[PDB]
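See below for the structure under consideration.
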Amino acid sequence: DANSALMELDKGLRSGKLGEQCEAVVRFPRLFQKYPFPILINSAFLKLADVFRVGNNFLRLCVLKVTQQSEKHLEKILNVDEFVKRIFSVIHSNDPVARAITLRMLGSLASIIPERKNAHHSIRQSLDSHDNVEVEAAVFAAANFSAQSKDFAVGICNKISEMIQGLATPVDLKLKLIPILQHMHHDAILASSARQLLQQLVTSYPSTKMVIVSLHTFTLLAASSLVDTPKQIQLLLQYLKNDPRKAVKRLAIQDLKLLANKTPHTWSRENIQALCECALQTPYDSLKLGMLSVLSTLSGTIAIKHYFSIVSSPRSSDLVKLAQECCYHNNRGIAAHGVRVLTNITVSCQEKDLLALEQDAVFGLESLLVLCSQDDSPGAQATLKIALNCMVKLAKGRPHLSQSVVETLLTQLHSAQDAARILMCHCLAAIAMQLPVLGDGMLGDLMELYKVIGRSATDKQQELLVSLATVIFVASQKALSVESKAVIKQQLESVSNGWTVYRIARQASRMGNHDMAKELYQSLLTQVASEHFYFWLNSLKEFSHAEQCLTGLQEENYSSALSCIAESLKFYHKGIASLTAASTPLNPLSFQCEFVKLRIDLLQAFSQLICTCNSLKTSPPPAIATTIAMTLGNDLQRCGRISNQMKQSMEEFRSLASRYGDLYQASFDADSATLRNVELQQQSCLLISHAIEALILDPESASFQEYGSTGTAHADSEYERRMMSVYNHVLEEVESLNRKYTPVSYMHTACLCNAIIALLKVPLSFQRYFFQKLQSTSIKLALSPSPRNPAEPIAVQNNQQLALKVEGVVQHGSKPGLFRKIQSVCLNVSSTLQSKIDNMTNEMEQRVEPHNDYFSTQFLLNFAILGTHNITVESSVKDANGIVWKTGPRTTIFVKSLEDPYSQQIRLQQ
Amino acid sequence: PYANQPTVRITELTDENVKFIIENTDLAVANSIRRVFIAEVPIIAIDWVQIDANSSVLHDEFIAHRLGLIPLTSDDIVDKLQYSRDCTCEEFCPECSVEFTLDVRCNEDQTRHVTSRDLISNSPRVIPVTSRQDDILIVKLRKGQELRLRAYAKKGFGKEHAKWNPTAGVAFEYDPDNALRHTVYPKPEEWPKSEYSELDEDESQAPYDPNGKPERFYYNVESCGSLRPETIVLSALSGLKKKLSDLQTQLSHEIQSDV
Amino acid sequence: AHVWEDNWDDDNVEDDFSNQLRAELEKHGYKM
Ligand SMILES: [Zn+2]
């Protein structure tokens with residue numbers, strides 16, 4: 001079929017009409033991107049070279065555009081000498097247009113022929129011919145060959161220097177001729193010669209149109225060949241200070257931005273000081289804006305430590321004065337970059353005198369808040385989002401100013417005109433997500449803004465409603481007030497979309513307000529339309545209801561606690577049934593079902609453990625004293641059937657922790673928050689395991705003290721902080737009670753019950769990968785043995801070997817590198833005796849690295865067994881930093897095994 | 001001016017035989033389908049019989065005849081192997097051949113019936129059809145005399161020999177009530193009905209069609225057990241593709257030589 | 001960068017499943 005398409009396109013080429021010839025020629029790139037077969041590519045390219053050697057110049061332009069489009073397949077071309085011989089053989093024509101087209105095609109073939117001396121020579125000769133269109137085509141071809149070669153670059157730099165000094169050709173051709181010197185980053189001496197040439201060029205031609213391209217090529221040359229970055233920076237600062245052309249100064253802006261973004265650590269203190277003096281001495285607001293953007297980028301980078309590295313007060317440093325005056329300048333963008341500089345320097349450096357800068361920065365910050373709150377322009381909203389970035393960065397870096405900045409943002413919530421409110425609601429949601437006290441400090445005013453929403457907004461009511469409901473949940477992280485949620489329901493039933501109120505419900509499930517979540521899921525359940533949607537909402541409703549029941553818990557009451565556990569477990573059972581109902585072959589809720597099943601099993605283990613804790617007093621010490629002597633107990637020191645059940649519970653909990661590790665390593669696709677949350681659940685399980693192991697079982701053999709750092713507030717969630725504090729509490733209690741009592745477990749059961757009660761008092765946090773999933777990556781992993789279309793086993797002679805030829809192609813549902821980028825694929829293959837040491841001899845694994853998104857690997861299996869065997873493979877996708885991440889299909893192939901009749905006869909004779 | 005759209009359906013499948021119906025195609029194409037089942041389907045059959053010592057009352061040529069007429073299993077290794085005549089090797093090589101051995105000494109008083117089971121094979125994918133019921137009898141041997149021989153099986157088709165013909169029997173027909181009137185019945189009532197006939201018991205004769213073509217071909221393919229019938233059909237169609245491709249290439253080169 | 005990184009509330013980020021739910025539930029557009 002591919003061959004069929006090939007020669008029918010060849011017949012279209014052999015057709016008389018140049019229209020149809022153009023048709024087939026421009027049809028080739030589709031065939032290249034359909035059939036990557038290299039012999040087909042080579043033959044198609046050879047026919048292209050033939051028709052280009054004899055075509056009527058419009059076919060030639062079509063072939064040129066075909067090459068320039070499907071450039072990426074060029075590297076798999078075999079008959080390079082013949083292809084280049086035709087394409088170069090049409091350059092002796094007298095038609096300047098044909099010569100120009102041919103030279104452009106040589107510029108396109110630069111990827112496969114970068115050494116052709118005759119091509120070099122033809123380009124260099126046509127570079128100083130007179131026909132205009134071929135002169136600019138020669139310039140383009142030199143611009144490509146100088147990129148993928150070096151000796152051609154030194155020839156062209158000599159020729160270009162000669163031409164520019166030789167004064168022929170007009171200024172437009174000089175503009176075309178300058179940018180060749182960007183590709184001079186192959187050696188330092190070429191770089192220095194070109195640098196001297198460019199300095200001479202700028203001093204020789206003081207024109208704006210000259211200087212702009214000269215400076216831009218010079219700076220790309222230095223940024224590539226990063227040896228003369230200080231000379232580049234000081235030259236640019238000279239031209240920013242001295243040259244009065246405003247456009248040239250804007251070039252200096254947009255170039256120092258590039259240098260600051262690429263190589264920040266090369267920026268020096270005198271460079272910063274000179275730029276600061278220029279930014280003070282400038283009269284123009286726009287150029288000051290550009291310089292302030294440059295200083296903002298440099299302040300965000302590391303170079304602020306260079307500027308404030310000692311071996312002159314920081315206040316005596318000229319940067320601070322400029323930053324302050326421009327933050328309090330009238331113009332909005334100038335103020336935005338000033339407060340950016342202030343935020344960056346405050347978070348970055350910590351000296352004794354910077355507290356005044358902190359206060360100045362925060363006060364100018366609410367200045368920007370009021371200005372952007374009542375400006376209502378697109379640029380105003382951009383500067384507003386900049387200010388909110390400053391907020392998040394300042395509050396996270398320094399927790400000292402948190403209460404002040406939150407109350408200022410609440411005053412702006414009073415004083416806003418319902419456009420910026422969504423943005424600062426997101427920002428203050430972040431800030432309260434870090435520090436919890438910011439919500440229960442001022443619960444009331446956010447509810448007041450919530451009640452004025454309905455007659456306050458008309459356009460993005462849904463968006464601001466969702467945001468402010470998110471932050472009211474964050475504020476009422478504790479038990480939500482019935483009156484407050486009734487008001488919420490009143491406004492939602494007044495004006496809301498179903499998708500809107502669904503998003504409020506999802507945020508409620510995220511934070512942990514499960515009663516409100518239950519109500520919203522009940523309403524959405526009563527509407528819905530479709531079946532898996534109904535079952536999904538119903539399951540969510542049941543988990544919200546069970547979590548409500550779990551939050552309905554009393555401290556130090558074990559009977560009521562186990563009753564609540566039983567009720568919540570009934571409701572998870574209903575929910576998990578409805579979740580399996582929602583499950584479909586498409587979008588299969590694997591993570592969701594498995595995670596909620598593991599939560600179910602954790603709570604079942606908790607109920608069993610507290611039941612055995614209560615049954616500790618069910619005469620187990622009496623059974624031990626009746627079966628054996630209490631003194632020097634034969635089964636155990638203070639032996640117990642209860643201790644046997646403790647051993648069972650410890651092993652069960654460890655298995656549960658292993659399943660959590662399995663769930664995480666099979667998930668692999670979630671973000672940092674969700675993966676962290678699963679790690680915390682496994683942390684809780686292992687905490688219970690270590691507690692029951694180090695307290696009920698042998699404490700002398702335990703001998704474990706938590707002599708390590710714990711309790712730091714580097715967490716990403718208040719939920720995480722709460723579980724971590726519970727962990728610290730349990731560790732300190734078990735470390736206190738490690739050696740106090742005998743194994744009869746007098747108050748050991750009380751300590752375990754306290755740990756259980758705390759771990760269930762911290763409710764839950766339903767999370768993002770349990771909800772909307774991103775970076776859906778997959779491995780197809782098609783093996784290619786002898787093809788077993790049915791389940792018929794594959795016969796092998798069993799005397800030689802067997803080859804496998806496994807293949808895998810990786811696919812991505814979106815931008816693949818959202819969180820984790822695939823690096824290597826550890827395939828793992830093993831055998832098993834299907835007809836019953838389980839054929840675990842061949843335990844191969846191979847780490848193939850996919851250079852492209854397709855890979856293949858050959859495996860050899862050896863076996864001399866009569867029976868059928870199953871062969872299993874695994875993907876073991878291992879990421880950039882290096883993690884196991886057990887994902888992949890794990891497919892199996894049946895293999896038969898028969899033997900030679902001559903071999904069987906010889907064995908019978910044996 | 002161009003090909004129509006024929007249709008394929010299959011009524012039932014069994015290991016020995018299959019039954020299917022084809023519609024909207026030419027009688028010439030259907031006849032060629034039957035002929036390409038019969039003739040050019042390549043299978044594996046015993047061809048080179050070397051006899052070390054024969055003392056049976058059956059003669060050596062007869063022994064070679066029956067050995068060549070033994071069927072074998074040729075699922076896909078026939079497609080893997082290459083023709084013996086074309087494969088460049090000294091004598092037969094395992095890429096183009098299969099080795100067999102048969103040594104029998106009847107030393108018991110009872111007659112030892114030499115069977116197809118006793119053929120020792122070199123490749124497990126190829127055996128006599130009977131093994132994997134009563135075995136195929138080869139020669140009945142009296143006490144005292146023996147038979148020692150080596151054999152090589154190669155790949156051939158029915159243009160050479162019926163031993164390389166694998167189809168036990170084809171039943172190809174059309175028009176179960178002679179509506180196209182290809183035959184004339186002097187006594188159509190006395191003529192017995194076909195099993196595909198739908199005409200009335202009183203009529204037993206479809207009316208003449210002034211405008212029509214022979215259509216709705218019925219096929220009953222009975223294999224000899226060497227291969228699955230579906231694999232036989234696929235191999236026959238693949239060989240037809242290969243032969244037409246070779247004819248196309250050669251005649252295109254003939255046109256190129258003419259012009 | 002955006003104001004808040006862990007933002008579940010954004011349009012183009014959300015995937016196919018509750019895109020279909022969005023289509024249905026925007027068609028519905030009310031709660032009792
Ligand atoms: Zn051979």
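Letters A, B, ... mark the chains of the structure tokens in the order given; residue numbers begin at 1 per chain; ligand numbers begin at 1, in order shown.
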Using only C-alpha atoms and all ligand atoms, which residues have at least one atom no more than 6 Å from ligand 1? Output them as a list in words. residues 84, 87, 88, 89, 92, 93, 95 and 96 of chain B
Chain A residues near chain C (7 Å cut-off, only C-alpha atoms) as a PyMOL selection string: chain A and resi 385+388-389+426-427+430+493+496-499+523+772-774
Take the residues that were just selected and, keeping C-alpha atoms, output them as a short mmCIF file (atom, residue, chain, number, x, y, z; two decimals), in the first residue's frame.
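Once written, part.cif looks like this:
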```cif
data_model
loop_
_atom_site.label_atom_id
_atom_site.label_comp_id
_atom_site.auth_asym_id
_atom_site.auth_seq_id
_atom_site.Cartn_x
_atom_site.Cartn_y
_atom_site.Cartn_z
CA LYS A 385 -1.61 39.29 39.86
CA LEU A 388 -0.50 38.66 44.67
CA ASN A 389 2.58 36.69 43.64
CA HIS A 426 -7.27 32.78 45.62
CA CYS A 427 -4.27 34.50 47.17
CA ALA A 430 -3.14 30.18 49.69
CA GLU A 493 -30.51 27.98 45.68
CA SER A 496 -26.11 29.01 40.87
CA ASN A 497 -25.21 26.59 38.13
CA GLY A 498 -25.16 22.90 38.95
CA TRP A 499 -21.53 22.77 37.82
CA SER A 523 -28.98 17.79 45.60
CA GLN A 772 -9.65 15.38 38.16
CA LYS A 773 -6.67 13.54 36.73
CA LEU A 774 -3.86 14.95 34.64
#
```
List every residue of chain A that has an atom at most 6 Å from any atom of chain B, and for each one report the closest atom pair and its distance in Å to one decimal, counting only C-alpha atoms, with rows sorted by chain and then by increasing residue number, as CSV.
```
residue,atom,partner,partner_atom,distance
A:899,CA,B:124,CA,5.9
A:900,CA,B:124,CA,5.0
A:901,CA,B:121,CA,5.4
A:902,CA,B:120,CA,5.9
```
Store the residues of this selection in a file with N, CA and C atoms, as a PDB file, in the first residue's frame.
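After the write, result-v4.pdb holds the following:
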```
ATOM      1  N   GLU A 899       9.049 -31.607  21.899  1.00  0.00           N
ATOM      2  CA  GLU A 899      10.411 -32.087  21.721  1.00  0.00           C
ATOM      3  C   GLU A 899      10.517 -32.960  20.478  1.00  0.00           C
ATOM      4  N   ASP A 900      11.756 -33.132  20.024  1.00  0.00           N
ATOM      5  CA  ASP A 900      12.027 -33.889  18.811  1.00  0.00           C
ATOM      6  C   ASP A 900      11.699 -35.364  19.026  1.00  0.00           C
ATOM      7  N   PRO A 901      11.027 -36.010  18.069  1.00  0.00           N
ATOM      8  CA  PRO A 901      10.844 -37.467  18.160  1.00  0.00           C
ATOM      9  C   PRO A 901      12.150 -38.233  18.206  1.00  0.00           C
ATOM     10  N   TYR A 902      13.177 -37.772  17.491  1.00  0.00           N
ATOM     11  CA  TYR A 902      14.490 -38.402  17.588  1.00  0.00           C
ATOM     12  C   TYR A 902      15.082 -38.232  18.979  1.00  0.00           C
TER      13      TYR A 902
END
```
Can you work out the spacing between atom CA of residue 14 of chain A and atom CA of residue 243 of chain B in Å, to one decimal? 28.0 Å
Chain C: which residues are alpha helix (DSSP H) by DSSP, as an mmCIF file with N, CA and C atoms, in the first residue's frame?
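Final file, selection_13.cif:
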```cif
data_model
loop_
_atom_site.group_PDB
_atom_site.id
_atom_site.type_symbol
_atom_site.label_atom_id
_atom_site.label_comp_id
_atom_site.auth_asym_id
_atom_site.auth_seq_id
_atom_site.Cartn_x
_atom_site.Cartn_y
_atom_site.Cartn_z
ATOM 1 N N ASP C 16 -11.433 14.882 30.691
ATOM 2 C CA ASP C 16 -12.555 14.515 29.824
ATOM 3 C C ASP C 16 -13.804 14.145 30.618
ATOM 4 N N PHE C 17 -13.610 13.457 31.745
ATOM 5 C CA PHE C 17 -14.722 12.901 32.508
ATOM 6 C C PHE C 17 -15.668 13.989 32.987
ATOM 7 N N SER C 18 -15.182 14.869 33.846
ATOM 8 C CA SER C 18 -16.091 15.902 34.285
ATOM 9 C C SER C 18 -16.118 17.081 33.316
ATOM 10 N N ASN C 19 -15.410 17.007 32.178
ATOM 11 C CA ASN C 19 -15.879 17.790 31.029
ATOM 12 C C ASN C 19 -17.246 17.322 30.550
ATOM 13 N N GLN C 20 -17.438 16.008 30.425
ATOM 14 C CA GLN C 20 -18.755 15.495 30.055
ATOM 15 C C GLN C 20 -19.784 15.837 31.127
ATOM 16 N N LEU C 21 -19.381 15.713 32.391
ATOM 17 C CA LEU C 21 -20.240 16.142 33.488
ATOM 18 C C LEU C 21 -20.534 17.636 33.414
ATOM 19 N N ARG C 22 -19.545 18.443 33.011
ATOM 20 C CA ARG C 22 -19.763 19.876 32.838
ATOM 21 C C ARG C 22 -20.787 20.143 31.753
ATOM 22 N N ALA C 23 -20.681 19.428 30.633
ATOM 23 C CA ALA C 23 -21.638 19.606 29.547
ATOM 24 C C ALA C 23 -23.053 19.316 30.023
ATOM 25 N N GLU C 24 -23.244 18.157 30.657
ATOM 26 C CA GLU C 24 -24.555 17.802 31.195
ATOM 27 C C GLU C 24 -25.038 18.804 32.237
ATOM 28 N N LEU C 25 -24.158 19.231 33.127
ATOM 29 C CA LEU C 25 -24.640 19.910 34.313
ATOM 30 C C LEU C 25 -24.777 21.409 34.064
ATOM 31 N N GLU C 26 -24.052 21.936 33.075
ATOM 32 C CA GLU C 26 -24.343 23.269 32.563
ATOM 33 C C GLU C 26 -25.633 23.270 31.761
ATOM 34 N N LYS C 27 -25.914 22.177 31.037
ATOM 35 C CA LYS C 27 -27.225 22.042 30.405
ATOM 36 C C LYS C 27 -28.334 22.051 31.450
ATOM 37 N N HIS C 28 -28.074 21.449 32.610
ATOM 38 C CA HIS C 28 -29.090 21.399 33.655
ATOM 39 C C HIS C 28 -29.260 22.768 34.311
#
```
